[PDB]
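Trainee: Got a file for you: start_34.cif, mmCIF, C-alpha atoms and all ligand atoms.
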```cif
data_coords
loop_
_atom_site.label_atom_id
_atom_site.label_comp_id
_atom_site.auth_asym_id
_atom_site.auth_seq_id
_atom_site.Cartn_x
_atom_site.Cartn_y
_atom_site.Cartn_z
CA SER A 1 -52.56 -25.78 36.36
CA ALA A 2 -51.10 -24.94 32.93
CA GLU A 3 -53.21 -25.54 29.80
CA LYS A 4 -52.69 -28.59 27.59
CA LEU A 5 -49.81 -30.44 29.28
CA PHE A 6 -52.36 -32.22 31.42
CA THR A 7 -54.80 -33.30 28.71
CA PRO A 8 -55.03 -36.82 27.21
CA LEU A 9 -53.17 -37.82 24.06
CA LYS A 10 -53.62 -40.90 21.88
CA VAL A 11 -50.19 -42.44 21.24
CA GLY A 12 -50.54 -45.28 18.77
CA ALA A 13 -52.20 -48.22 20.54
CA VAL A 14 -52.42 -46.49 23.93
CA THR A 15 -53.77 -43.29 25.42
CA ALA A 16 -51.66 -41.11 27.70
CA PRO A 17 -53.63 -39.12 30.32
CA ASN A 18 -51.21 -36.18 30.11
CA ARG A 19 -48.37 -34.97 27.88
CA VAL A 20 -45.62 -35.07 30.51
CA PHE A 21 -43.43 -38.01 29.46
CA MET A 22 -40.39 -39.57 31.13
CA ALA A 23 -37.42 -39.53 28.76
CA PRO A 24 -35.33 -42.69 28.30
CA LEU A 25 -32.60 -42.53 30.96
CA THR A 26 -29.59 -44.84 31.18
CA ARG A 27 -28.90 -45.42 34.90
CA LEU A 28 -26.55 -48.42 34.68
CA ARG A 29 -27.92 -50.32 37.70
CA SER A 30 -28.68 -53.71 36.12
CA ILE A 31 -27.28 -56.98 37.47
CA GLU A 32 -24.17 -58.49 35.89
CA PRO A 33 -23.70 -61.18 34.80
CA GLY A 34 -26.84 -61.23 32.68
CA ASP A 35 -27.58 -57.50 32.27
CA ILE A 36 -30.73 -58.22 34.25
CA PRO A 37 -33.30 -55.60 35.37
CA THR A 38 -33.70 -55.51 39.16
CA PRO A 39 -36.41 -55.11 41.79
CA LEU A 40 -34.83 -51.73 42.57
CA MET A 41 -35.28 -50.68 38.94
CA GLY A 42 -38.87 -51.91 39.22
CA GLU A 43 -39.50 -49.63 42.21
CA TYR A 44 -37.88 -46.69 40.41
CA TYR A 45 -40.20 -47.05 37.42
CA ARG A 46 -43.23 -47.67 39.62
CA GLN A 47 -42.60 -44.40 41.52
CA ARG A 48 -42.85 -42.60 38.16
CA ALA A 49 -45.94 -44.37 36.84
CA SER A 50 -48.05 -41.18 36.78
CA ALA A 51 -46.11 -40.00 33.72
CA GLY A 52 -48.21 -39.77 30.56
CA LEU A 53 -45.77 -42.34 29.22
CA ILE A 54 -42.57 -43.77 30.66
CA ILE A 55 -39.83 -44.43 28.09
CA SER A 56 -37.32 -46.85 29.61
CA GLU A 57 -33.55 -46.58 29.75
CA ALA A 58 -31.85 -47.82 26.56
CA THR A 59 -32.01 -51.64 26.48
CA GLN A 60 -29.88 -54.07 24.41
CA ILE A 61 -31.55 -55.94 21.55
CA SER A 62 -28.73 -58.51 21.78
CA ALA A 63 -25.54 -59.23 23.72
CA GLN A 64 -23.52 -57.72 20.87
CA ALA A 65 -25.55 -54.50 21.27
CA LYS A 66 -24.00 -53.94 24.71
CA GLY A 67 -21.76 -50.91 25.16
CA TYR A 68 -22.24 -49.98 28.84
CA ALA A 69 -21.75 -52.09 31.97
CA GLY A 70 -25.01 -51.99 33.91
CA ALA A 71 -27.33 -51.37 30.94
CA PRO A 72 -30.12 -53.98 30.68
CA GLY A 73 -30.95 -56.30 27.82
CA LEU A 74 -34.16 -57.75 26.38
CA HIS A 75 -32.74 -60.76 24.54
CA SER A 76 -32.47 -63.47 27.21
CA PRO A 77 -35.10 -65.48 29.16
CA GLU A 78 -33.98 -64.03 32.50
CA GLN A 79 -34.14 -60.49 31.13
CA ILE A 80 -37.63 -61.05 29.73
CA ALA A 81 -38.82 -62.45 33.07
CA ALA A 82 -37.36 -59.48 34.96
CA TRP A 83 -38.88 -56.85 32.65
CA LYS A 84 -42.30 -58.55 32.94
CA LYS A 85 -42.24 -57.73 36.64
CA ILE A 86 -41.27 -54.13 35.95
CA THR A 87 -44.00 -53.49 33.38
CA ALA A 88 -46.54 -55.23 35.64
CA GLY A 89 -45.59 -52.89 38.47
CA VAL A 90 -46.09 -49.86 36.23
CA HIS A 91 -49.46 -51.16 35.07
CA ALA A 92 -50.46 -51.90 38.65
CA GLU A 93 -50.12 -48.14 39.12
CA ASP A 94 -52.10 -47.55 35.92
CA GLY A 95 -49.13 -46.27 33.95
CA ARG A 96 -47.81 -46.94 30.45
CA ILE A 97 -44.24 -47.88 29.59
CA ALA A 98 -42.28 -48.13 26.33
CA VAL A 99 -38.91 -49.86 26.08
CA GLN A 100 -36.15 -48.02 24.25
CA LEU A 101 -34.19 -50.58 22.24
CA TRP A 102 -30.65 -49.95 21.05
CA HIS A 103 -27.41 -51.29 19.66
CA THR A 104 -24.49 -49.15 20.85
CA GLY A 105 -22.33 -49.92 17.84
CA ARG A 106 -18.90 -48.32 18.22
CA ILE A 107 -19.75 -46.71 21.58
CA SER A 108 -18.67 -49.89 23.35
CA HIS A 109 -15.60 -51.76 24.62
CA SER A 110 -14.26 -55.19 23.69
CA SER A 111 -14.24 -56.28 27.36
CA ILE A 112 -18.05 -56.35 27.44
CA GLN A 113 -18.57 -57.69 23.92
CA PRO A 114 -19.29 -61.38 23.25
CA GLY A 115 -15.96 -63.21 23.19
CA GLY A 116 -14.18 -60.01 24.16
CA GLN A 117 -13.98 -59.00 20.50
CA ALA A 118 -14.16 -55.55 18.90
CA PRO A 119 -17.63 -53.92 18.69
CA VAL A 120 -19.31 -53.42 15.31
CA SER A 121 -20.33 -50.32 13.36
CA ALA A 122 -20.99 -48.94 9.86
CA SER A 123 -17.27 -48.35 9.38
CA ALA A 124 -14.04 -49.15 11.23
CA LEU A 125 -13.69 -45.72 12.85
CA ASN A 126 -13.11 -45.28 16.60
CA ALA A 127 -15.70 -42.99 18.23
CA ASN A 128 -12.82 -41.30 20.09
CA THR A 129 -14.87 -40.98 23.27
CA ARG A 130 -15.46 -43.04 26.39
CA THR A 131 -18.11 -45.42 27.66
CA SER A 132 -18.97 -46.71 31.11
CA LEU A 133 -17.77 -50.04 32.51
CA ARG A 134 -17.56 -51.25 36.11
CA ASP A 135 -14.52 -51.94 38.28
CA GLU A 136 -13.82 -54.95 40.49
CA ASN A 137 -16.18 -53.48 43.10
CA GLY A 138 -19.07 -52.81 40.74
CA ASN A 139 -18.46 -49.07 40.57
CA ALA A 140 -18.99 -47.20 37.31
CA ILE A 141 -15.79 -46.18 35.53
CA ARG A 142 -15.05 -44.44 32.23
CA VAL A 143 -12.97 -46.15 29.54
CA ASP A 144 -11.89 -45.25 26.01
CA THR A 145 -14.08 -46.80 23.31
CA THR A 146 -12.65 -49.72 21.30
CA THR A 147 -12.08 -49.29 17.55
CA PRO A 148 -15.01 -51.03 15.81
CA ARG A 149 -15.12 -53.61 13.03
CA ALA A 150 -17.16 -52.62 9.97
CA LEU A 151 -20.23 -54.83 9.59
CA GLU A 152 -20.04 -57.10 6.55
CA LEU A 153 -22.90 -56.67 4.05
CA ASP A 154 -24.14 -60.17 4.89
CA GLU A 155 -24.25 -59.30 8.59
CA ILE A 156 -26.84 -56.55 8.17
CA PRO A 157 -29.83 -58.91 7.91
CA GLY A 158 -28.82 -60.28 11.30
CA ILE A 159 -28.87 -56.81 12.84
CA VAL A 160 -32.38 -56.25 11.49
CA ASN A 161 -33.49 -59.64 12.83
CA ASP A 162 -32.07 -58.78 16.27
CA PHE A 163 -34.25 -55.67 16.40
CA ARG A 164 -37.23 -57.73 15.21
CA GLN A 165 -36.70 -60.37 17.89
CA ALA A 166 -36.25 -57.72 20.61
CA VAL A 167 -39.61 -56.18 19.73
CA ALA A 168 -41.19 -59.64 19.86
CA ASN A 169 -39.64 -60.04 23.33
CA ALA A 170 -40.79 -56.53 24.31
CA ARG A 171 -44.35 -57.48 23.39
CA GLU A 172 -44.19 -60.56 25.61
CA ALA A 173 -42.48 -58.59 28.37
CA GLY A 174 -45.62 -56.47 28.66
CA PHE A 175 -44.36 -53.18 27.21
CA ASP A 176 -47.03 -50.92 25.73
CA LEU A 177 -44.76 -49.53 23.03
CA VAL A 178 -41.19 -49.77 21.76
CA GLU A 179 -38.87 -46.87 20.94
CA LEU A 180 -36.05 -47.48 18.45
CA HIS A 181 -32.91 -45.63 19.55
CA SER A 182 -31.84 -44.01 16.28
CA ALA A 183 -30.10 -41.09 17.99
CA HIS A 184 -27.09 -39.93 20.00
CA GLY A 185 -24.43 -41.61 17.89
CA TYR A 186 -25.39 -45.21 18.54
CA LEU A 187 -25.58 -47.90 15.82
CA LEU A 188 -28.56 -46.67 13.78
CA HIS A 189 -27.28 -43.08 13.97
CA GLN A 190 -23.78 -44.29 13.04
CA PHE A 191 -25.24 -45.46 9.72
CA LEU A 192 -27.36 -42.31 9.29
CA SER A 193 -24.42 -39.94 9.67
CA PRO A 194 -21.98 -39.33 6.80
CA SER A 195 -19.17 -38.62 9.27
CA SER A 196 -19.35 -42.07 10.87
CA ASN A 197 -20.45 -43.95 7.74
CA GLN A 198 -17.88 -44.32 4.94
CA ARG A 199 -19.40 -47.44 3.36
CA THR A 200 -19.47 -47.77 -0.41
CA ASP A 201 -22.22 -50.40 -0.60
CA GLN A 202 -25.95 -49.65 -0.46
CA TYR A 203 -25.78 -48.71 3.23
CA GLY A 204 -23.47 -45.74 2.77
CA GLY A 205 -23.16 -42.65 0.60
CA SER A 206 -26.48 -41.04 -0.32
CA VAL A 207 -28.99 -40.20 2.39
CA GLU A 208 -31.23 -42.89 0.87
CA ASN A 209 -28.43 -45.41 1.51
CA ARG A 210 -27.57 -44.04 4.95
CA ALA A 211 -31.20 -44.32 6.09
CA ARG A 212 -31.60 -47.78 4.57
CA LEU A 213 -30.76 -49.75 7.73
CA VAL A 214 -33.03 -47.83 10.09
CA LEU A 215 -35.93 -48.05 7.62
CA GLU A 216 -35.43 -51.82 7.20
CA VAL A 217 -35.54 -52.07 11.01
CA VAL A 218 -38.71 -49.98 11.18
CA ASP A 219 -40.39 -52.19 8.57
CA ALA A 220 -39.20 -55.35 10.31
CA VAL A 221 -40.60 -54.31 13.69
CA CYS A 222 -43.90 -52.98 12.29
CA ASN A 223 -44.38 -56.38 10.65
CA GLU A 224 -43.39 -58.24 13.82
CA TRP A 225 -45.87 -56.37 16.03
CA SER A 226 -47.88 -53.41 14.74
CA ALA A 227 -46.99 -49.95 13.44
CA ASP A 228 -49.07 -48.34 16.21
CA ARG A 229 -46.76 -49.92 18.79
CA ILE A 230 -43.63 -48.41 17.26
CA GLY A 231 -41.91 -45.18 18.20
CA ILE A 232 -38.50 -43.89 17.13
CA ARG A 233 -36.03 -41.43 18.64
CA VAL A 234 -33.77 -39.35 16.39
CA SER A 235 -31.30 -36.50 17.04
CA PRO A 236 -31.00 -35.31 13.38
CA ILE A 237 -29.73 -31.79 14.08
CA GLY A 238 -26.34 -31.12 15.65
CA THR A 239 -23.42 -33.27 16.85
CA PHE A 240 -23.69 -36.15 19.34
CA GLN A 241 -21.01 -38.56 20.63
CA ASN A 242 -18.71 -37.20 17.93
CA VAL A 243 -21.21 -38.28 15.25
CA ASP A 244 -22.08 -35.24 13.18
CA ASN A 245 -25.28 -34.97 11.14
CA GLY A 246 -23.83 -34.04 7.75
CA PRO A 247 -23.65 -30.67 5.91
CA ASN A 248 -27.25 -31.25 4.79
CA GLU A 249 -28.70 -32.30 8.15
CA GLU A 250 -32.02 -30.48 7.75
CA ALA A 251 -32.71 -31.86 4.27
CA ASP A 252 -31.58 -35.36 5.29
CA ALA A 253 -33.75 -35.13 8.42
CA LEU A 254 -36.91 -34.30 6.47
CA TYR A 255 -36.20 -37.18 4.07
CA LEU A 256 -35.98 -39.61 7.00
CA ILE A 257 -39.16 -38.25 8.59
CA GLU A 258 -41.19 -38.55 5.36
CA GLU A 259 -40.09 -42.17 5.02
CA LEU A 260 -41.00 -42.94 8.64
CA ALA A 261 -44.38 -41.29 8.09
CA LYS A 262 -45.13 -43.82 5.35
CA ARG A 263 -45.16 -46.64 7.92
CA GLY A 264 -47.77 -44.93 10.09
CA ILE A 265 -45.83 -45.54 13.30
CA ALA A 266 -47.01 -44.38 16.73
CA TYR A 267 -44.56 -41.54 17.27
CA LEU A 268 -41.50 -39.50 16.37
CA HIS A 269 -39.33 -38.55 19.35
CA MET A 270 -36.95 -35.68 18.66
CA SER A 271 -33.89 -35.21 20.87
CA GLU A 272 -33.18 -31.60 19.96
CA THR A 273 -29.66 -31.18 21.39
CA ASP A 274 -27.32 -33.34 23.45
CA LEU A 275 -26.56 -32.41 27.07
CA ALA A 276 -23.95 -29.94 25.80
CA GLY A 277 -24.90 -26.90 23.72
CA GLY A 278 -26.77 -26.92 20.42
CA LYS A 279 -28.62 -24.64 18.00
CA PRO A 280 -32.35 -24.50 18.86
CA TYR A 281 -34.98 -25.68 16.38
CA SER A 282 -36.56 -22.91 14.31
CA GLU A 283 -40.36 -22.87 14.23
CA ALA A 284 -39.99 -23.14 10.45
CA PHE A 285 -38.15 -26.44 10.83
CA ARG A 286 -40.70 -27.57 13.41
CA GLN A 287 -43.49 -26.81 10.91
CA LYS A 288 -41.70 -28.77 8.18
CA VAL A 289 -41.37 -31.78 10.49
CA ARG A 290 -44.97 -31.37 11.68
CA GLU A 291 -46.42 -31.57 8.16
CA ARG A 292 -44.40 -34.68 7.29
CA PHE A 293 -45.35 -36.93 10.21
CA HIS A 294 -48.93 -38.00 10.99
CA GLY A 295 -48.38 -39.48 14.42
CA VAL A 296 -47.48 -38.08 17.82
CA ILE A 297 -44.39 -35.84 18.00
CA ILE A 298 -42.42 -35.70 21.26
CA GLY A 299 -39.97 -32.89 21.94
CA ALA A 300 -36.98 -33.29 24.29
CA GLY A 301 -33.89 -31.44 25.46
CA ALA A 302 -33.80 -28.97 28.35
CA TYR A 303 -37.53 -28.30 28.08
CA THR A 304 -39.45 -26.28 30.66
CA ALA A 305 -43.18 -26.69 31.25
CA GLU A 306 -43.58 -23.21 29.71
CA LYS A 307 -41.72 -24.18 26.53
CA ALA A 308 -43.81 -27.36 26.25
CA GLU A 309 -47.08 -25.45 26.62
CA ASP A 310 -45.92 -22.90 24.06
CA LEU A 311 -44.99 -25.47 21.40
CA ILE A 312 -47.94 -27.74 22.12
CA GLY A 313 -50.21 -24.68 21.91
CA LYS A 314 -48.75 -23.80 18.52
CA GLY A 315 -49.53 -27.33 17.38
CA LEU A 316 -45.86 -28.07 16.66
CA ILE A 317 -45.42 -30.99 19.08
CA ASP A 318 -47.86 -33.18 21.05
CA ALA A 319 -45.87 -34.12 24.13
CA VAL A 320 -42.64 -33.37 25.95
CA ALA A 321 -40.15 -35.85 27.42
CA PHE A 322 -38.33 -34.68 30.56
CA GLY A 323 -35.13 -36.43 31.52
CA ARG A 324 -33.26 -34.99 34.49
CA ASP A 325 -36.40 -33.53 36.08
CA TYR A 326 -37.83 -37.05 36.10
CA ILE A 327 -34.69 -38.48 37.67
CA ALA A 328 -35.20 -36.11 40.61
CA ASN A 329 -39.01 -35.94 40.73
CA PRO A 330 -41.01 -39.17 40.60
CA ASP A 331 -44.25 -37.18 40.77
CA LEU A 332 -43.19 -34.58 38.20
CA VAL A 333 -46.72 -34.51 36.77
CA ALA A 334 -48.20 -33.50 40.13
CA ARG A 335 -45.46 -30.93 40.74
CA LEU A 336 -45.85 -29.24 37.35
CA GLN A 337 -49.62 -29.33 37.72
CA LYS A 338 -49.47 -27.81 41.21
CA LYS A 339 -46.61 -25.48 40.25
CA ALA A 340 -44.67 -26.95 43.19
CA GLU A 341 -40.92 -26.76 43.64
CA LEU A 342 -38.79 -29.63 42.37
CA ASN A 343 -36.26 -31.71 44.29
CA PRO A 344 -32.66 -30.67 43.55
CA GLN A 345 -30.71 -32.92 41.17
CA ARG A 346 -27.70 -35.00 42.25
CA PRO A 347 -25.79 -35.69 38.97
CA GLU A 348 -23.06 -37.71 40.70
CA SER A 349 -25.52 -40.59 41.11
CA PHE A 350 -27.11 -40.53 37.64
CA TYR A 351 -24.91 -43.42 36.48
CA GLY A 352 -24.26 -46.58 38.46
CA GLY A 353 -24.60 -47.15 42.17
CA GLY A 354 -27.68 -48.23 44.08
CA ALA A 355 -30.79 -46.80 45.72
CA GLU A 356 -29.11 -43.51 46.64
CA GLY A 357 -29.84 -40.93 43.94
CA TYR A 358 -32.27 -43.40 42.34
CA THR A 359 -35.39 -44.29 44.39
CA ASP A 360 -34.15 -41.57 46.75
CA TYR A 361 -36.09 -38.54 45.52
CA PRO A 362 -39.32 -38.00 47.49
CA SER A 363 -42.78 -37.28 46.14
CA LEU A 364 -44.92 -34.41 47.41
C1 LIG A 401 -28.29 -39.74 33.11
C2 LIG A 401 -28.87 -39.69 31.68
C3 LIG A 401 -29.07 -40.80 30.92
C4 LIG A 401 -29.62 -40.76 29.57
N1 LIG A 401 -29.89 -41.93 28.90
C5 LIG A 401 -30.59 -41.88 27.77
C6 LIG A 401 -31.08 -43.10 27.13
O1 LIG A 401 -30.95 -44.23 27.62
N2 LIG A 401 -31.53 -42.96 25.85
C7 LIG A 401 -31.70 -41.70 25.18
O2 LIG A 401 -32.25 -41.71 23.96
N3 LIG A 401 -31.27 -40.56 25.80
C8 LIG A 401 -30.80 -40.60 27.04
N4 LIG A 401 -30.50 -39.44 27.71
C9 LIG A 401 -31.08 -38.18 27.17
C10 LIG A 401 -32.45 -37.91 27.81
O3 LIG A 401 -33.46 -38.78 27.32
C11 LIG A 401 -32.90 -36.45 27.55
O4 LIG A 401 -33.26 -36.28 26.14
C12 LIG A 401 -31.92 -35.39 28.00
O5 LIG A 401 -31.56 -35.61 29.38
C13 LIG A 401 -32.35 -33.95 27.83
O6 LIG A 401 -33.57 -33.70 28.55
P1 LIG A 401 -33.59 -33.02 29.98
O7 LIG A 401 -33.02 -31.63 29.84
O8 LIG A 401 -35.12 -32.95 30.29
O9 LIG A 401 -32.85 -33.87 30.96
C14 LIG A 401 -29.87 -39.45 29.00
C15 LIG A 401 -29.51 -38.30 29.75
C16 LIG A 401 -29.13 -38.36 31.09
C17 LIG A 401 -29.00 -37.09 31.91
#
```
Rewrite the structure of this file - the entire thing - as structure tokens.
Ligand SMILES: Cc1cc2nc3c(=O)[nH]c(=O)nc-3n(C[C@H](O)[C@H](O)[C@H](O)COP(=O)(O)O)c2cc1C
Mentor:
Amino acid sequence: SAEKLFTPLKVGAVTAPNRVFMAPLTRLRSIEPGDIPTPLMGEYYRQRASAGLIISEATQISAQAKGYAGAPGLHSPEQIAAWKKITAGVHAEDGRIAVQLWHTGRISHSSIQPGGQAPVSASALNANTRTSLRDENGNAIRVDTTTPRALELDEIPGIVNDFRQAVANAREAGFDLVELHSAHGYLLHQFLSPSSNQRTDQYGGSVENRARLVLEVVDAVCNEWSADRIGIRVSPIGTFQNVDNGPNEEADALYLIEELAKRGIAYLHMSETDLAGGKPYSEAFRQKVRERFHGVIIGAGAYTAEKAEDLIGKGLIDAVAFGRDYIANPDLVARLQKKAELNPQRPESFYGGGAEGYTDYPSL
């Protein structure tokens, strides 16, 4: 039965009936051409509608934002129409869903960029990693990332407008909230990190300059819709996709959080460590974050129901986002509430493919 995990929580403009959230999970099953959400994806989300809040897989704000074959977009008419069906299905089950919007930046490949050109980023530095494309049969494959082109100063306003337009589209698509992907080494994080950002204009250098882009985006989207409809995900501590949060990560993190707090947005989603290792957050750091943000705080990263209850009980976080447990358990809320066993995970089908390993996991 637990304690607080199953109690309501006001998240900006909506109210979650429990604090068990579904973390944003890239599954790469969209239709190409078009990067269009599918009926299968609709069923997948609908099966998980009992979550306090569903945060969708990362979705492109524009065609240029694309970095993975199979990832959906929210910039075209066909994409908007498809997502409207998915959010409607979730609402039909009385759930709530937020769309995570991103721009992959340098974690992309020229073959899936508009015109087949090099992807963009803060600086012209290859991420030295791989991304996922699809072969001639539609199967997911890994490929080395393409060296990016540094965005020109005059191109930044366009990036901000793309985020603004995507939120406008999200609103029409029926999403309850939007989550800006400012983590895991993607575009916004590429600007935030001193290791991936070597710009000498006002978007590089000091933390104030490095956080400039993300804050302009936050302001742009709050103005487009409403601050209580805006959430943001950050991974300010540690190293992700070869992007390292500088030698002053903690100080820089608190600066960013205080600035975000000023906009009165719906929530702050903290991805504590990537799938690989990572130093755990100290309660002291959690307290410092807590006192700087006045909205909902979501914790994520190998959480257990026990850890969630502990931190929620200490008043350090308000909700917990589960990723892999949600992939394998559509009715995770019921299972954690009943203290039931969970379905075993099948990692080989996390990315790409079809129904198997997707709408495949049974409910109690
Ligand atoms: C298959 C898969 C896809 C993911 N895709 C996303 C995503 O689209 N956006 C994001 O911010 N994080 C993404 N993550 C990270 C998850 O949201 C989550 O924070 C992470 O899996 C750690 O939580 P867990 O231990 O509960 O799975 C992904 C992770 C996995 C396993």
Trainee: Could you check the closest approach to residue A:48 for each of A:8, A:247, A:185, A:330 and tell me which residue wins, using all atoms listed in the file?
Mentor: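 Looking only at the distances to residue A:48, the closest residue turns out to be A:330.
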Trainee: Could you tell me which of A:86, A:222, A:276, A:99 comes closest to residue A:262 if we count only C-alpha atoms?
Mentor: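 When distances to residue A:262 are compared using only C-alpha atoms, the smallest one comes from A:222.
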Trainee: Can you pull out every residue within 7 Å of residue A:182, counting all atoms listed in the file, but drop anything in the same chain fewer than 4 positions away, and send it as a list in words?
Mentor: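 The residues that qualify are residues 186, 188, 189, 232, 233 and 234 of chain A.
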Trainee: Take the residues from that selection and write them out as a CSV table (one decimal), in the coordinates of the input, keeping C-alpha atoms.
Mentor:
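Once written, result-v7.csv looks like this:
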```
chain,number,residue,atom,x,y,z
A,186,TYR,CA,-25.4,-45.2,18.5
A,188,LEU,CA,-28.6,-46.7,13.8
A,189,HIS,CA,-27.3,-43.1,14.0
A,232,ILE,CA,-38.5,-43.9,17.1
A,233,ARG,CA,-36.0,-41.4,18.6
A,234,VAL,CA,-33.8,-39.4,16.4
```
Trainee: Go through chain A and flag each residue having an atom no more than 9 Å from ligand LIG 401 (chain A); for those, report the closest pair of atoms plus their distance in Å to one decimal, using all atoms listed in the file, ordered by chain and rising number, as JSON lines.
Mentor:
```
{"residue": "A:22", "atom": "CA", "partner": "A:LIG401", "partner_atom": "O3", "distance": 7.9}
{"residue": "A:23", "atom": "CA", "partner": "A:LIG401", "partner_atom": "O3", "distance": 4.3}
{"residue": "A:24", "atom": "CA", "partner": "A:LIG401", "partner_atom": "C6", "distance": 4.4}
{"residue": "A:25", "atom": "CA", "partner": "A:LIG401", "partner_atom": "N1", "distance": 3.5}
{"residue": "A:26", "atom": "CA", "partner": "A:LIG401", "partner_atom": "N1", "distance": 3.7}
{"residue": "A:27", "atom": "CA", "partner": "A:LIG401", "partner_atom": "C1", "distance": 6.0}
{"residue": "A:28", "atom": "CA", "partner": "A:LIG401", "partner_atom": "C3", "distance": 8.9}
{"residue": "A:55", "atom": "CA", "partner": "A:LIG401", "partner_atom": "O3", "distance": 8.5}
{"residue": "A:56", "atom": "CA", "partner": "A:LIG401", "partner_atom": "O1", "distance": 7.2}
{"residue": "A:57", "atom": "CA", "partner": "A:LIG401", "partner_atom": "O1", "distance": 4.1}
{"residue": "A:58", "atom": "CA", "partner": "A:LIG401", "partner_atom": "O1", "distance": 3.8}
{"residue": "A:59", "atom": "CA", "partner": "A:LIG401", "partner_atom": "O1", "distance": 7.6}
{"residue": "A:71", "atom": "CA", "partner": "A:LIG401", "partner_atom": "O1", "distance": 8.7}
{"residue": "A:100", "atom": "CA", "partner": "A:LIG401", "partner_atom": "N2", "distance": 7.0}
{"residue": "A:101", "atom": "CA", "partner": "A:LIG401", "partner_atom": "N2", "distance": 8.8}
{"residue": "A:102", "atom": "CA", "partner": "A:LIG401", "partner_atom": "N2", "distance": 8.5}
{"residue": "A:179", "atom": "CA", "partner": "A:LIG401", "partner_atom": "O2", "distance": 8.9}
{"residue": "A:180", "atom": "CA", "partner": "A:LIG401", "partner_atom": "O2", "distance": 8.8}
{"residue": "A:181", "atom": "CA", "partner": "A:LIG401", "partner_atom": "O2", "distance": 5.9}
{"residue": "A:182", "atom": "CA", "partner": "A:LIG401", "partner_atom": "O2", "distance": 8.0}
{"residue": "A:183", "atom": "CA", "partner": "A:LIG401", "partner_atom": "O2", "distance": 6.4}
{"residue": "A:184", "atom": "CA", "partner": "A:LIG401", "partner_atom": "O2", "distance": 6.7}
{"residue": "A:233", "atom": "CA", "partner": "A:LIG401", "partner_atom": "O2", "distance": 6.5}
{"residue": "A:234", "atom": "CA", "partner": "A:LIG401", "partner_atom": "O2", "distance": 8.1}
{"residue": "A:235", "atom": "CA", "partner": "A:LIG401", "partner_atom": "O2", "distance": 8.7}
{"residue": "A:270", "atom": "CA", "partner": "A:LIG401", "partner_atom": "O4", "distance": 8.4}
{"residue": "A:271", "atom": "CA", "partner": "A:LIG401", "partner_atom": "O4", "distance": 5.4}
{"residue": "A:272", "atom": "CA", "partner": "A:LIG401", "partner_atom": "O4", "distance": 7.8}
{"residue": "A:273", "atom": "CA", "partner": "A:LIG401", "partner_atom": "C13", "distance": 7.5}
{"residue": "A:274", "atom": "CA", "partner": "A:LIG401", "partner_atom": "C13", "distance": 6.7}
{"residue": "A:275", "atom": "CA", "partner": "A:LIG401", "partner_atom": "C13", "distance": 6.0}
{"residue": "A:299", "atom": "CA", "partner": "A:LIG401", "partner_atom": "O4", "distance": 8.6}
{"residue": "A:300", "atom": "CA", "partner": "A:LIG401", "partner_atom": "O4", "distance": 5.1}
{"residue": "A:301", "atom": "CA", "partner": "A:LIG401", "partner_atom": "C13", "distance": 3.8}
{"residue": "A:302", "atom": "CA", "partner": "A:LIG401", "partner_atom": "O7", "distance": 3.1}
{"residue": "A:303", "atom": "CA", "partner": "A:LIG401", "partner_atom": "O8", "distance": 5.7}
{"residue": "A:304", "atom": "CA", "partner": "A:LIG401", "partner_atom": "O8", "distance": 8.0}
{"residue": "A:320", "atom": "CA", "partner": "A:LIG401", "partner_atom": "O8", "distance": 8.7}
{"residue": "A:321", "atom": "CA", "partner": "A:LIG401", "partner_atom": "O8", "distance": 6.5}
{"residue": "A:322", "atom": "CA", "partner": "A:LIG401", "partner_atom": "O8", "distance": 3.7}
{"residue": "A:323", "atom": "CA", "partner": "A:LIG401", "partner_atom": "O9", "distance": 3.5}
{"residue": "A:324", "atom": "CA", "partner": "A:LIG401", "partner_atom": "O9", "distance": 3.7}
{"residue": "A:325", "atom": "CA", "partner": "A:LIG401", "partner_atom": "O8", "distance": 6.0}
{"residue": "A:326", "atom": "CA", "partner": "A:LIG401", "partner_atom": "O8", "distance": 7.6}
{"residue": "A:327", "atom": "CA", "partner": "A:LIG401", "partner_atom": "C1", "distance": 8.0}
{"residue": "A:347", "atom": "CA", "partner": "A:LIG401", "partner_atom": "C1", "distance": 7.5}
{"residue": "A:349", "atom": "CA", "partner": "A:LIG401", "partner_atom": "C1", "distance": 8.5}
{"residue": "A:350", "atom": "CA", "partner": "A:LIG401", "partner_atom": "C1", "distance": 4.7}
{"residue": "A:351", "atom": "CA", "partner": "A:LIG401", "partner_atom": "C1", "distance": 6.0}
```
Trainee: Can you sort out the box for stretch 119-128 of chain A, edges along x, y and z, all listed atoms in, 3 Å on every side, with centre and edge lengths in Å to one decimal, as lines of an AutoDock Vina configuration file?
Mentor:
```
center_x = -16.9
center_y = -47.6
center_z = 14.7
size_x = 14.2
size_y = 18.6
size_z = 16.7
```
Trainee: For each of A:61, A:31, A:253, A:51, take the minimum atom-to-atom distance to residue A:17, counting all atoms listed in the file, then give the residue where this is smallest.
Mentor: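 Using all atoms listed in the file, the shortest distance to residue A:17 belongs to A:51.
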Trainee: For each of A:53, A:74, A:289, A:312, take the minimum atom-to-atom distance to residue A:10, counting all atoms listed in the file, then give the residue where this is smallest.
Mentor: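 Among the listed residues, A:53 lies closest to residue A:10.
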Trainee: So, counting all atoms listed in the file, which residue among A:90, A:13, A:305, A:141 is closest to residue A:228?
Mentor: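 Nearest to residue A:228: A:13.
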Trainee: For residue A:202, work out the shell of residues within 8 Å, counting only C-alpha atoms and skipping chain neighbours fewer than 4 positions away, then give it as a ChimeraX atom specification.
Mentor: /A:209-210,212
Trainee: For atom CA of residue A:248 and atom CA of residue A:125, determine how far apart the two atoms are, in Å to one decimal place.
Mentor: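 Between atom CA of residue A:248 and atom CA of residue A:125 the gap is 21.4 Å.
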